[PDB]
Every structure is written in C-alpha cells, then in structure tokens.
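The file run-v6.cif comes next; it holds mmCIF, N, CA and C atoms.
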```cif
data_input
#
loop_
_atom_site.label_atom_id
_atom_site.label_comp_id
_atom_site.auth_asym_id
_atom_site.auth_seq_id
_atom_site.Cartn_x
_atom_site.Cartn_y
_atom_site.Cartn_z
N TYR A 606 91.34 147.20 110.07
CA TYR A 606 91.21 145.79 109.76
C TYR A 606 92.03 145.47 108.51
N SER A 607 92.25 144.18 108.28
CA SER A 607 92.75 143.71 106.99
C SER A 607 92.21 142.29 106.79
N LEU A 608 91.12 142.18 106.05
CA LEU A 608 90.44 140.91 105.82
C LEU A 608 91.03 140.22 104.59
N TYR A 609 90.27 139.28 104.02
CA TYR A 609 90.81 138.20 103.18
C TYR A 609 91.54 138.71 101.95
N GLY A 610 90.82 139.30 101.02
CA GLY A 610 91.48 139.88 99.87
C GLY A 610 91.23 141.37 99.85
N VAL A 611 90.66 141.86 100.95
CA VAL A 611 90.18 143.23 101.01
C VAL A 611 90.91 143.97 102.12
N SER A 612 91.31 145.19 101.83
CA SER A 612 91.95 146.06 102.80
C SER A 612 90.87 146.92 103.44
N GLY A 613 91.27 147.97 104.13
CA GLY A 613 90.29 148.92 104.61
C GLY A 613 90.56 149.40 106.01
N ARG A 614 89.83 150.42 106.43
CA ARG A 614 89.98 151.03 107.74
C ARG A 614 88.59 151.31 108.29
N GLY A 615 88.23 150.64 109.38
CA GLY A 615 86.85 150.72 109.83
C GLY A 615 86.71 150.61 111.33
N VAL A 616 85.51 150.92 111.79
CA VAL A 616 85.16 150.83 113.20
C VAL A 616 84.10 149.74 113.33
N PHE A 617 84.50 148.55 113.75
CA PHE A 617 83.55 147.47 113.79
C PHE A 617 82.64 147.62 115.00
N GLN A 618 81.37 147.28 114.82
CA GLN A 618 80.43 147.28 115.93
C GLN A 618 79.57 146.03 115.80
N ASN A 619 79.08 145.51 116.92
CA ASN A 619 78.15 144.40 116.85
C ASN A 619 76.77 144.92 116.46
N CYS A 620 76.50 144.87 115.17
CA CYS A 620 75.27 145.42 114.62
C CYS A 620 74.31 144.27 114.29
N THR A 621 73.17 144.59 113.67
CA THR A 621 72.17 143.60 113.28
C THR A 621 71.54 144.05 111.97
N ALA A 622 71.03 143.12 111.14
CA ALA A 622 71.30 141.68 111.08
C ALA A 622 71.31 141.29 109.59
N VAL A 623 71.63 142.26 108.74
CA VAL A 623 71.31 142.21 107.32
C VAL A 623 72.49 141.62 106.55
N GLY A 624 72.25 140.57 105.79
CA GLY A 624 73.29 140.06 104.92
C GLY A 624 72.87 138.84 104.14
N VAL A 625 73.89 138.10 103.72
CA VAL A 625 73.74 136.82 103.05
C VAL A 625 74.00 135.68 104.01
N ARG A 626 75.07 135.84 104.81
CA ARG A 626 75.57 134.99 105.88
C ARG A 626 76.24 133.70 105.43
N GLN A 627 76.33 133.46 104.13
CA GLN A 627 77.02 132.24 103.71
C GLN A 627 78.33 132.57 103.03
N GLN A 628 78.34 133.52 102.10
CA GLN A 628 79.56 134.25 101.81
C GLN A 628 79.57 135.50 102.67
N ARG A 629 80.75 136.08 102.83
CA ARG A 629 81.00 136.84 104.05
C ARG A 629 81.46 138.27 103.84
N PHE A 630 80.70 139.05 103.08
CA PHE A 630 80.79 140.50 103.18
C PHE A 630 79.37 141.04 103.11
N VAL A 631 79.22 142.36 103.11
CA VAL A 631 78.01 142.98 102.61
C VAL A 631 78.35 144.38 102.12
N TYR A 632 77.95 144.69 100.90
CA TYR A 632 78.25 145.98 100.33
C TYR A 632 77.00 146.83 100.42
N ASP A 633 77.13 148.11 100.08
CA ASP A 633 75.96 148.98 99.93
C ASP A 633 76.10 149.74 98.63
N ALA A 634 75.69 149.10 97.53
CA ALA A 634 75.50 149.71 96.22
C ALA A 634 76.74 150.36 95.61
N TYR A 635 77.90 150.19 96.23
CA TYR A 635 79.13 150.78 95.70
C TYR A 635 80.24 149.77 95.90
N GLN A 636 81.49 150.22 95.83
CA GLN A 636 82.60 149.33 96.10
C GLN A 636 82.75 149.07 97.60
N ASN A 637 82.24 149.97 98.44
CA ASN A 637 82.48 149.87 99.87
C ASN A 637 81.74 148.69 100.47
N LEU A 638 82.16 148.33 101.68
CA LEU A 638 81.53 147.25 102.43
C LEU A 638 81.06 147.82 103.75
N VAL A 639 79.76 147.72 104.01
CA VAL A 639 79.16 148.27 105.23
C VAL A 639 78.46 147.15 106.02
N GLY A 640 79.10 146.00 106.20
CA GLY A 640 80.51 145.82 106.44
C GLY A 640 80.88 144.69 107.35
N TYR A 641 79.91 143.92 107.84
CA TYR A 641 80.26 142.88 108.79
C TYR A 641 80.90 141.71 108.05
N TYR A 642 81.26 140.66 108.81
CA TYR A 642 81.96 139.51 108.25
C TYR A 642 83.31 139.89 107.66
N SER A 643 84.35 139.72 108.46
CA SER A 643 84.46 138.41 109.07
C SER A 643 84.89 138.30 110.50
N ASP A 644 83.96 137.79 111.29
CA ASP A 644 84.24 137.19 112.58
C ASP A 644 83.33 136.00 112.75
N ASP A 645 83.58 135.23 113.80
CA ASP A 645 83.15 133.84 113.87
C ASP A 645 82.37 133.58 115.16
N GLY A 646 81.04 133.61 115.08
CA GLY A 646 80.34 134.15 113.93
C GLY A 646 79.42 135.24 114.41
N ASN A 647 79.75 136.49 114.11
CA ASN A 647 78.85 137.57 114.48
C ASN A 647 78.69 138.61 113.39
N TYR A 648 78.32 139.81 113.82
CA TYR A 648 78.00 140.88 112.89
C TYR A 648 78.83 142.12 113.23
N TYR A 649 80.06 142.20 112.72
CA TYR A 649 80.90 143.35 113.04
C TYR A 649 80.86 144.38 111.92
N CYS A 650 79.78 145.16 111.91
CA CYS A 650 79.49 146.02 110.76
C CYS A 650 80.46 147.19 110.74
N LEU A 651 81.03 147.48 109.58
CA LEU A 651 82.11 148.45 109.63
C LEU A 651 81.61 149.80 109.17
N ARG A 652 82.46 150.80 109.32
CA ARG A 652 82.16 152.16 108.94
C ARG A 652 83.38 152.78 108.28
N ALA A 653 83.21 154.00 107.80
CA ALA A 653 84.33 154.69 107.21
C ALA A 653 85.21 155.28 108.30
N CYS A 654 86.33 155.86 107.89
CA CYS A 654 87.31 156.37 108.83
C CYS A 654 86.80 157.61 109.56
N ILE B 67 69.24 146.66 99.70
CA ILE B 67 69.50 147.51 98.54
C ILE B 67 68.93 146.98 97.22
N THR B 68 68.42 147.90 96.40
CA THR B 68 68.09 147.67 95.00
C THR B 68 69.20 148.23 94.13
N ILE B 69 69.28 147.75 92.90
CA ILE B 69 70.41 148.07 92.04
C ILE B 69 70.18 147.58 90.62
N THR B 70 70.92 148.13 89.67
CA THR B 70 70.99 147.53 88.36
C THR B 70 72.32 146.80 88.32
N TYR B 71 72.30 145.58 87.79
CA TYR B 71 73.42 144.68 87.87
C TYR B 71 73.50 143.88 86.59
N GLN B 72 74.69 143.71 86.01
CA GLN B 72 74.81 143.02 84.72
C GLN B 72 75.55 141.68 84.78
N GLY B 73 74.79 140.58 84.81
CA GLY B 73 75.33 139.26 85.02
C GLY B 73 74.59 138.24 84.18
N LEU B 74 74.85 136.96 84.43
CA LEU B 74 74.20 135.91 83.68
C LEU B 74 72.80 135.64 84.21
N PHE B 75 71.80 135.84 83.35
CA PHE B 75 70.39 135.67 83.69
C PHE B 75 69.64 135.05 82.54
N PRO B 76 68.53 134.36 82.85
CA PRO B 76 67.60 133.96 81.79
C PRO B 76 66.71 135.14 81.43
N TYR B 77 66.12 135.15 80.25
CA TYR B 77 65.33 136.32 79.90
C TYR B 77 63.88 136.17 80.29
N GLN B 78 63.26 137.31 80.58
CA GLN B 78 61.87 137.36 80.98
C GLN B 78 60.98 136.69 79.94
N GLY B 79 60.13 135.78 80.41
CA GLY B 79 59.18 135.10 79.55
C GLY B 79 59.69 133.90 78.78
N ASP B 80 60.97 133.57 78.97
CA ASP B 80 61.57 132.42 78.30
C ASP B 80 60.87 131.16 78.75
N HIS B 81 60.36 130.39 77.81
CA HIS B 81 59.69 129.15 78.17
C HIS B 81 60.69 128.05 78.46
N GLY B 82 61.92 128.22 77.97
CA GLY B 82 62.97 127.23 78.15
C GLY B 82 62.67 125.92 77.44
N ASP B 83 63.43 124.88 77.79
CA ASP B 83 63.24 123.56 77.22
C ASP B 83 62.69 122.68 78.30
N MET B 84 61.59 122.00 78.03
CA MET B 84 61.01 121.10 79.02
C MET B 84 61.44 119.65 78.83
N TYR B 85 61.75 118.99 79.95
CA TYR B 85 62.11 117.58 79.95
C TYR B 85 61.27 116.81 80.95
N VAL B 86 60.89 115.59 80.59
CA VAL B 86 60.09 114.75 81.48
C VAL B 86 60.66 113.33 81.48
N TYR B 87 60.70 112.73 82.67
CA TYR B 87 61.11 111.34 82.86
C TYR B 87 59.88 110.50 83.18
N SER B 88 59.88 109.26 82.70
CA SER B 88 58.72 108.38 82.80
C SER B 88 59.02 107.02 83.44
N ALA B 89 58.01 106.48 84.12
CA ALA B 89 57.94 105.05 84.42
C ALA B 89 58.21 104.24 83.15
N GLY B 90 58.86 103.09 83.30
CA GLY B 90 59.11 102.24 82.15
C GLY B 90 57.96 101.29 81.87
N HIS B 91 58.12 100.51 80.81
CA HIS B 91 57.17 99.45 80.55
C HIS B 91 57.18 98.47 81.71
N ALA B 92 56.05 97.82 81.93
CA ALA B 92 55.95 96.85 83.00
C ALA B 92 54.72 95.98 82.82
N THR B 93 54.82 94.76 83.31
CA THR B 93 53.63 93.95 83.50
C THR B 93 53.15 94.23 84.91
N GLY B 94 52.23 93.41 85.41
CA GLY B 94 51.81 93.54 86.79
C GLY B 94 52.95 93.24 87.75
N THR B 95 53.88 92.39 87.34
CA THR B 95 54.92 91.92 88.25
C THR B 95 56.35 92.32 87.88
N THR B 96 56.57 92.67 86.62
CA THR B 96 57.93 92.73 86.12
C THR B 96 58.20 93.97 85.29
N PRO B 97 59.20 94.76 85.70
CA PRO B 97 59.60 95.88 84.84
C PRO B 97 60.19 95.34 83.55
N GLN B 98 59.92 96.03 82.45
CA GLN B 98 60.41 95.61 81.15
C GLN B 98 61.21 96.74 80.53
N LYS B 99 60.98 97.04 79.25
CA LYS B 99 61.77 98.04 78.53
C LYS B 99 61.72 99.38 79.24
N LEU B 100 62.81 100.13 79.18
CA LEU B 100 62.76 101.52 79.65
C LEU B 100 61.90 102.33 78.68
N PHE B 101 61.39 103.47 79.15
CA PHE B 101 60.52 104.30 78.33
C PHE B 101 61.04 105.72 78.43
N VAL B 102 61.54 106.24 77.32
CA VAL B 102 62.22 107.54 77.33
C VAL B 102 61.89 108.41 76.12
N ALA B 103 62.17 109.69 76.27
CA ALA B 103 62.19 110.62 75.14
C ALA B 103 63.48 110.51 74.32
N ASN B 104 63.58 111.31 73.26
CA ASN B 104 64.72 111.27 72.35
C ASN B 104 65.86 112.19 72.82
N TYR B 105 65.98 112.42 74.12
CA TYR B 105 66.90 113.46 74.61
C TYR B 105 68.38 113.18 74.32
N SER B 106 68.80 111.92 74.27
CA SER B 106 70.22 111.64 74.13
C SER B 106 70.82 112.10 72.81
N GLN B 107 70.00 112.12 71.76
CA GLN B 107 70.48 112.57 70.46
C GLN B 107 70.37 114.08 70.31
N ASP B 108 69.74 114.75 71.27
CA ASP B 108 69.56 116.20 71.15
C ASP B 108 70.66 116.96 71.87
N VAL B 109 71.82 117.06 71.24
CA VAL B 109 72.94 117.74 71.85
C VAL B 109 72.80 119.25 71.68
N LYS B 110 72.92 119.95 72.80
CA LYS B 110 72.75 121.40 72.85
C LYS B 110 74.08 122.11 73.02
N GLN B 111 74.15 123.37 72.59
CA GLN B 111 75.33 124.19 72.84
C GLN B 111 75.28 124.74 74.26
N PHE B 112 76.38 124.60 74.99
CA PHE B 112 76.42 125.04 76.38
C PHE B 112 76.33 126.56 76.42
N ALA B 113 77.15 127.22 75.59
CA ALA B 113 77.28 128.69 75.63
C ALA B 113 77.62 129.06 77.07
N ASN B 114 76.86 129.99 77.66
CA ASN B 114 77.19 130.52 78.98
C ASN B 114 76.64 129.70 80.14
N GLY B 115 76.02 128.57 79.82
CA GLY B 115 75.43 127.72 80.84
C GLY B 115 73.93 127.92 80.93
#
```
Conversion result in structure tokens:
Amino acid sequence: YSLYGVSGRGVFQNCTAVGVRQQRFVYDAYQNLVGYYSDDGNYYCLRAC
Amino acid sequence: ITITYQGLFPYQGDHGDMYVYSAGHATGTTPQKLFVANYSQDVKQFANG
C-alpha cells in the first residue's frame, strides 16, 4: 500500500471493528499501524510483511 | 490499548474557573437592563489553551 502521508507494506483484510472511525488510522502502542483505513468505507486491517 | 502519552491536559482535581449567565432585569411585561458578571474586564492569559 501507499496511503496519505504514510508508506508501508501490508496484507489488508476485512477485519472488525476497532478504531476511531473519524480520523483514519489505528496504531497499536508503537509507530506501526494495525491498520485499517483507508478505504471507503470499510475495515482493511493491515499486517506486517 | 492503554498507554502513557504526553499531551495537553487539564490537571486532576482542577476546579477551573466557573462562569454563569443570567436572565436580565424585567418587569412582568418588559425586559430591561441586562444582568451580568464582571467577566469582560477579567482578561486571562491564553497560554496553551
């Protein structure tokens, strides 16, 4: 993928359902994003390589 | 996720500044003088908001 200001390499899946949903990432306690948003409008949660 | 995070917050137990707005003077039929606190002369420092 290559999203807005963020790079990265991930395996998107239609996951559920944890986030903010108004701004459009979700991190897990580090710099990484685990990982949905951005698609319109679902939950494409990402993973590491 | 839980985390420690360093951002702009109010402090625990802060009573803050209280403000109240009031009905004005009135007769039975007619509003008269406004009724207010001295807030306009109390200029505060913005600092961090």
Do you have the atom N of residue 87 (chain B)-CA of residue 103 (chain B) distance handy?
8.0 Å
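The spacing separating CA of residue 621 (chain A) from CA of residue 68 (chain B) amounts to 19.2 Å.
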Please provide as a PDB file with N, CA and C atoms, keeping the file's coordinate frame all residues within 10 Å of residue 643 (chain A), with the sequence filter that same-chain residues fewer than 3 positions apart are discarded (counting only C-alpha atoms).
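Contents of result_20.pdb, freshly written:
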```pdb
ATOM      1  N   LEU A 608      91.120 142.180 106.050  1.00  0.00           N
ATOM      2  CA  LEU A 608      90.440 140.910 105.820  1.00  0.00           C
ATOM      3  C   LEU A 608      91.030 140.220 104.590  1.00  0.00           C
ATOM      4  N   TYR A 609      90.270 139.280 104.020  1.00  0.00           N
ATOM      5  CA  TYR A 609      90.810 138.200 103.180  1.00  0.00           C
ATOM      6  C   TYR A 609      91.540 138.710 101.950  1.00  0.00           C
ATOM      7  N   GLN A 628      78.340 133.520 102.100  1.00  0.00           N
ATOM      8  CA  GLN A 628      79.560 134.250 101.810  1.00  0.00           C
ATOM      9  C   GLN A 628      79.570 135.500 102.670  1.00  0.00           C
ATOM     10  N   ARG A 629      80.750 136.080 102.830  1.00  0.00           N
ATOM     11  CA  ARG A 629      81.000 136.840 104.050  1.00  0.00           C
ATOM     12  C   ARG A 629      81.460 138.270 103.840  1.00  0.00           C
ATOM     13  N   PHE A 630      80.700 139.050 103.080  1.00  0.00           N
ATOM     14  CA  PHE A 630      80.790 140.500 103.180  1.00  0.00           C
ATOM     15  C   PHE A 630      79.370 141.040 103.110  1.00  0.00           C
ATOM     16  N   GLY A 640      79.100 146.000 106.200  1.00  0.00           N
ATOM     17  CA  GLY A 640      80.510 145.820 106.440  1.00  0.00           C
ATOM     18  C   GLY A 640      80.880 144.690 107.350  1.00  0.00           C
ATOM     19  N   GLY A 646      81.040 133.610 115.080  1.00  0.00           N
ATOM     20  CA  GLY A 646      80.340 134.150 113.930  1.00  0.00           C
ATOM     21  C   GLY A 646      79.420 135.240 114.410  1.00  0.00           C
ATOM     22  N   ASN A 647      79.750 136.490 114.110  1.00  0.00           N
ATOM     23  CA  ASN A 647      78.850 137.570 114.480  1.00  0.00           C
ATOM     24  C   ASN A 647      78.690 138.610 113.390  1.00  0.00           C
ATOM     25  N   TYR A 648      78.320 139.810 113.820  1.00  0.00           N
ATOM     26  CA  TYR A 648      78.000 140.880 112.890  1.00  0.00           C
ATOM     27  C   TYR A 648      78.830 142.120 113.230  1.00  0.00           C
ATOM     28  N   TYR A 649      80.060 142.200 112.720  1.00  0.00           N
ATOM     29  CA  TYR A 649      80.900 143.350 113.040  1.00  0.00           C
ATOM     30  C   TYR A 649      80.860 144.380 111.920  1.00  0.00           C
ATOM     31  N   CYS A 650      79.780 145.160 111.910  1.00  0.00           N
ATOM     32  CA  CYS A 650      79.490 146.020 110.760  1.00  0.00           C
ATOM     33  C   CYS A 650      80.460 147.190 110.740  1.00  0.00           C
TER      34      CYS A 650
END
```
Would you translate the PyMOL selection byres (((chain A and resi 637-639 and name CA) around 12) and name CA) into the concrete set of residues it matches in this file, as a ChimeraX atom specification?
/A:608,611-618,620-624,629-636,640-643,648-653 /B:67
What does the structure give for the distance between CA of residue 111 (chain B) and CA of residue 72 (chain B), in Å to one decimal?
22.3 Å
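Of the listed residues B:90, B:115, B:73, B:79, the one whose atoms come nearest to residue 102 (chain B) is B:90, with distances taken using only N, CA and C atoms.
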Identify all residues of region 607-641 of chain A in strand (DSSP E or B) (DSSP on the backbone) and supply them as number ranges by chain.
A: 618-619, 632, 638
